[PDB]
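Visitor: Fold the stuff below for me.
(6 chains)
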Amino acid sequence: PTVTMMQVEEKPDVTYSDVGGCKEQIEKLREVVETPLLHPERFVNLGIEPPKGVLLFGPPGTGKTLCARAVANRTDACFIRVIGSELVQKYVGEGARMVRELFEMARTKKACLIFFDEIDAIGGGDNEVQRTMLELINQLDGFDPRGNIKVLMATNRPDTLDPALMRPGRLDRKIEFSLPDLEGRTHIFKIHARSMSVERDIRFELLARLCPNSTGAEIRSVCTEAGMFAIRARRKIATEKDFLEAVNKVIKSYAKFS
Amino acid sequence: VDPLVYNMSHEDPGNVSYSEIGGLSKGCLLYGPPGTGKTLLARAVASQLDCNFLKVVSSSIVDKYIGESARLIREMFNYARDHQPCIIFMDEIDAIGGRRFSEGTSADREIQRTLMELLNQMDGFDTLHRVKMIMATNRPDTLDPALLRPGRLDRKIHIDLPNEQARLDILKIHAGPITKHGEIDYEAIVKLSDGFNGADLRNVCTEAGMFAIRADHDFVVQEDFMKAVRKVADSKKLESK
Amino acid sequence: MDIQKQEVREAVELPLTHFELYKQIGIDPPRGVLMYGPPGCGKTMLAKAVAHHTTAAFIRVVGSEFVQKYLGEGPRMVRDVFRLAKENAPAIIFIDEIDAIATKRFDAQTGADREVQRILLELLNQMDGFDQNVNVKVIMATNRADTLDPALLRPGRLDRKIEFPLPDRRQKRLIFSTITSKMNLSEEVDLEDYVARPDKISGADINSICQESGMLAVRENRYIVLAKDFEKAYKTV
Amino acid sequence: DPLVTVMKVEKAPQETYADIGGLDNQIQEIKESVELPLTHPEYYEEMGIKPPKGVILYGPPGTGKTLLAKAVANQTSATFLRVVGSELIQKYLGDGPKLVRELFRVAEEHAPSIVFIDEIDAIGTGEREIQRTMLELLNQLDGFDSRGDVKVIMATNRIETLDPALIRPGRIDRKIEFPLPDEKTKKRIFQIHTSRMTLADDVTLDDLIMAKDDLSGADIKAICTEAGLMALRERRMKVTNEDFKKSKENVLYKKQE
Amino acid sequence: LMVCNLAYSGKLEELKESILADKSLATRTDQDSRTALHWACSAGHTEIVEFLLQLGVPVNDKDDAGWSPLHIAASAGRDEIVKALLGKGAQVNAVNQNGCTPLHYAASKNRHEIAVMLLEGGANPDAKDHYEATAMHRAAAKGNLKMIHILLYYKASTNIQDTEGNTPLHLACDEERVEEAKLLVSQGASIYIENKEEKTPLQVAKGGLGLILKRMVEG
Amino acid sequence: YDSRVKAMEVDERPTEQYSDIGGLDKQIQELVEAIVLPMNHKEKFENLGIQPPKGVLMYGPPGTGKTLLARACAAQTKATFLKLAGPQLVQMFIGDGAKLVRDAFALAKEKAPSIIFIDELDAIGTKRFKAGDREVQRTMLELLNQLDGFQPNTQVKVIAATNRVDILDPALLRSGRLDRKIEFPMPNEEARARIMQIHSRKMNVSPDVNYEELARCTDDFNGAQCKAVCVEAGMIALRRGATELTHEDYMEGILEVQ
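Guide: Residues are numbered from 1 along each chain as shown, chains lettered A, B, ... in the order given. Take a look:
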């Protein structure tokens, strides 16, 4: 199918600098996303096998940022990510051959890592979906491609009981990621230091502390709408005194009803 | 009609089962709370001739769709009235034997409505002098006291082992291919067994032969039969609730 | 009532029992009789009464009798029926539900319906040619009069247009008497709320509703049917 | 395929962004939105953002007048891509997103262009396949494998017809609202449609901006055309008041019929 | 049960020996909440209900729906059973399943004696059911002229609005009863009340009968 | 044809054996005999006239690990192992359960001698008096008819396991049906320390384990729960620095996952 090769992704994106305030969680996932690849022998000799992975779910908030963080975090080669909203199409059956050929290509890519996003779009009649998701469980719990590289699922609601009862077999370490802290938003501004031209007079800590409930996606929209109003301003560089109305307008005028 | 292929295609052989039922000398009630074998007898004569293989499973009146099972009651019973010879078996009737004491739901009301058709065709405007039905069951408590009228079930045939000659006969026909030592004593096995199940007494005797086969001895003495049929039979009495 | 039974009586069965009187009793073509009314059941007890008052052949062909993949089977079927009618005995053709085969059409996606309505035009001209000594009757009943073709409603073809009233009080009394006459007669059974309630909630096949009420009164705990299975049979179906 | 020819226009109309007034900010928002990429690039490529998605608008009058009067700003000196009506998907069997792939390959070979989707009534007008080919339209429209190639400007009539799932992937840059054309916007539309033509002195404006009620510019352009021809029957270019009310009766009857 | 056959078929000595041998059988009911009184009143037996009512069976024993035995005696046409049930003190205004009264079902059988005995005991002449319909709508719906007349011996109303807004004159004219319409109009019927369909009694009557209706109103 | 049911769980043989548990020989030895003697001693079956039962009821509380234990015995059966799930019979289309049952007996009857272990039978064994569990009474009573009316059913056994005995079907008593009713209660702290010791005989366990602290903390637990504590200990023991298993990891895992 054209969606299979269409779903191939190799593009640089968010680096590790966007840790969302989670001090312990970023180590719980960092010791499984960074250390097993860097030290393959330390985890085989020191233990019996490297850890499996983590499980980011719950409230979306600033979701998909840590996925790109995992994509660019690899110091060797970015891995492939797969969304789950591509399996609900006409003429079902592409799921089996799709997962078998991307796991076969995972065997061809010398034990590369494969991410599966949006499990809620294929989990939770539905028997034609039960074939693809139960066969998907047969391809995850089945160690034929690999049972050691990576396990991680992203869902909006815990209403998927089949992956919740089949996940204790191989998946483990369920964690949460809701919102960053005060000291994080200035680091999302630190990764936005390479965005649209920001004058050195603008302080990242000031703009970061002058907006509560400002998760990385909402302030990504602050840089998007504020970038658009900075383009409409016909100015060589951006100054916080020029788009602060865009900031508090886009967070407060939208924070009224939502 | 799909079930007619199953009811007119399968044939079970065996002519000795008619004489292997033990010392046992328009409707028949087969309640066997302290006794199994209701399938070895109906399947014994049914395996002998039966004149057909018109078996009626209690799971064929499910009617997942709208409860119009009257087309199947009048269709299959109309085939019974069409063909001059016919023998009908009703095994495991306790599932469809709801007593409808309280307000039954839509699932129970359709089954009890098929029971109302059974009333309309047993004590209604239809005779059943030539056809014979065999209502097999397990417990004489949920047997539809409205259907327990003596107009259908003349006598009561409880598959049990009251007489010592019946237990000794069934024990001797089940003890055919087994080999034992020269010391034979059936009076202890038949005497100590009081109100048990027949095929499950075969399972207890063969369970005693498998208890005695642990020591890989070809000969099997009757000591393991007395103590293993005794203890295992006591475990059946514990699991007889 | 008696208006429909009298009009169908003298307009239908009196010309049927007389041969070659058409051009001697004041020649007219009242051969087409049309009935109407969706809420009334009809078309069954009237056809039975016709089949009992007269002893002849009857061609019961519901309008969807020629809806098949073979477009040319129509004229063969209705032409064999025409010849066996004019030859054997003056039968009666019961054409029902002409709404689905009497609707105008301009496009060629449904060319089967336009072809069979051109067959309807063919026999519509054959009945014009058969105005002299035809040995058959053609009754008709429809439930829709909005999308009917103007050729059928043209005078000379359908000169009898009967209607059905919403309150079938006499048909309710006769349909309850015709079922209680054989069933056990209970003095508790009333017919006033069951002749006034169907005036509001009107429906069809009331005799089948009484038969379902008997199927609910066959429990053998209640010897004779009563209001429980009457109102219960109403609220179920 | 004759349906491909009627998709887009290849002409350069003289209608610019300076021929209409009142919505100068509303037209400079889309002008500044889609005229910054590929043209005047010092404020676009030096910043390092490149949101190749474009804004999505909607015209309450619609019927090509307002949406083509806003999209016509990009048509001055540039290539244009037009898509009007969702009938092209529903007038044939469910071939699928292959037509979207054809527009994507002609847009790939015609990168310096503007994508304009008009009359978005896919779900508003099998029905189960329309939702999956529309979600596939959102999938291929997002640009998952392609870089900045073309700016897509969508244009619908009712904002409630579109599902909430078609908003976040599609509309990512900016959206705005269009005011109600009751008296002053219809006065400006009447002035623009009666700027080149010649009208008499007795032609009043209050009755013309009063008798109308929720009307687009296609009917006033139609009565300007048939009024210029009807007045042209007497070999005169001046449009009298009684002839423009006689042509106004077509407006009064057309919306009421 | 067996007492259903005993009271149904009229077994005198079998029911007497059955009750004298087991007094519980009188209070026992079947699966439809119907005691022996309902079967012996539905069958019309006098001696059996005289024995059961002699022992003192409750007269207000309602079934699952609410059908009191007084409806069975009223619709049954048996004057003696009405004498017994009214003698024991039956509720003349008992509420059945559809909220009707024994006056509607006694009027259904055109029994004058039952209506005189029930209405004499204190029955409501204008007793309305769930559909706000009295006995005059049904008696006029069948053609019971003398039943409506003996209903007018107790000064009953003739303008009861039905659930659709139809007066008894509307149902009398709909039944094509000329003498009943002339009697109701001559006794105080209203020709100005309209139903939910906005139709006067003059328009409902066919064949120009509204002209003689209003002619009898003004005359 | 119809590989979705034919190829349900194609497994040749598992890895674990019966020697992985401790303290259950008094109740598992009857099953080990009941699977070894009917595979090699077919010759002696004619001298004694013995027919092995085809229905064994392996019932008990959930989490006991009866699935992996019956599979551990299936490694000793040496035949082909074929799993099957309870909720697989409930399908959208009509008559599917007949195809699943007749297909299972098509591979067992037609194919080579194999081993078919099912689980979660109690989740569908409801004796209701429309209803889906009555459709499972059609398919279920159909299976009981294929285990009651078939005298040539002397072929491959039908092993079943229920996680609860609340809805006890009275019609499951027959020589060919689930007659073997061996009660498997919740293992005590001694048996849990035995199965946890033999299941943890591979990790570098400290020799100074008196089993008193873990025997006290393990209160009313199950087999697979202590297996999850062992696996969790094998998960964090790697990241604890010390390659040797410590003593706090037991209670740390118990309070971690529970």
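
Visitor: what about stretch B:56-70, near chain F?
Guide: Yes. On the criterion C-beta under 8 Å from any C-beta of the partner chain, stretch B:56-70 is in touch with chain F at B:57-60, B:62, B:64. Every C-beta, even on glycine, is put in place using the N, C-alpha and C of the backbone.

Visitor: and which of the residues you listed is nearest residue A:128?
Guide: residue B:64 (20.8 Å; C-beta to C-beta).

Visitor: My read is that the closest one contacts residue F:130, right?
Guide: Yes. Using C-beta atoms under 8 Å, residue B:64 is in contact with residue F:130, at 6.2 Å.

Visitor: Can you mark which positions in the host helix or strand of residue B:227 are buried?
Guide: For residue B:227, the host element (DSSP states H and E) is helix B:223-238. Neighbour-count burial for helix B:223-238, counted by 16 or more other C-beta atoms under 10 Å in any protein chain shown, picks out B:224-225, B:228-230, B:232-233, B:236.

Visitor: what sits up against that helix?
Guide: B:188-189, B:192-193, B:196-197, B:200-201, B:204-205, B:207-208, B:211-212 (C-beta atoms under 8 Å, 6 or more residues apart in numbering or on different chains).

Visitor: Can you tell me which of those residues is closest to residue E:149?
Guide: Scanning these for proximity to residue E:149, where the rule is C-beta to C-beta, the winner is residue B:197, at 78.1 Å.

Visitor: For residue A:251, see how far away the single nearest residue of chain E relative to chain B is.
Guide: Closest contact between chain E and chain B, by C-beta to the nearest C-beta, is at residue E:31 (8.6 Å). Distance, residue E:31 to residue A:251, by C-beta to C-beta, to the nearest Å: 70 Å.

Visitor: Neighbour count: the two, which is higher?
Guide: Per other C-beta atoms under 10 Å in any protein chain shown, whichever of residue E:31 and residue A:251 has more neighbours is residue A:251, with 19 against 14.

Visitor: Return the residues of chain C in contact with chain B.
Guide: C:215, C:218-220.

Visitor: Correct me if wrong: residue E:124 contacts residue E:102.
Guide: No. Under the criterion of C-beta under 8 Å, residue E:124 makes no contact with residue E:102, lying 10.7 Å away.

Visitor: which one of those two has more residues nearby?
Guide: Neighbour totals were compared for residue E:124 and residue E:102, and residue E:102 leads with 30 against 14 (other C-beta under 10 Å).

Visitor: Enumerate every residue touching the residue nearest to that one when sequence neighbours are not counted.
Guide: Residue nearest to residue E:102 in three dimensions, not counting chain neighbours: residue E:74, with 3.8 Å by C-beta to C-beta, 6 or more residues apart in numbering or on different chains. Residues counted as contacts of residue E:74 (C-beta under 8 Å, 6+ apart) are E:82, E:102-103, E:105-106, E:109, E:111, E:114, E:118.

Visitor: out of these, which are inside helices?
Guide: Counting by DSSP state H, the contacts of residue E:74 place E:82, E:102-103, E:105-106, E:114, E:118 in helices.
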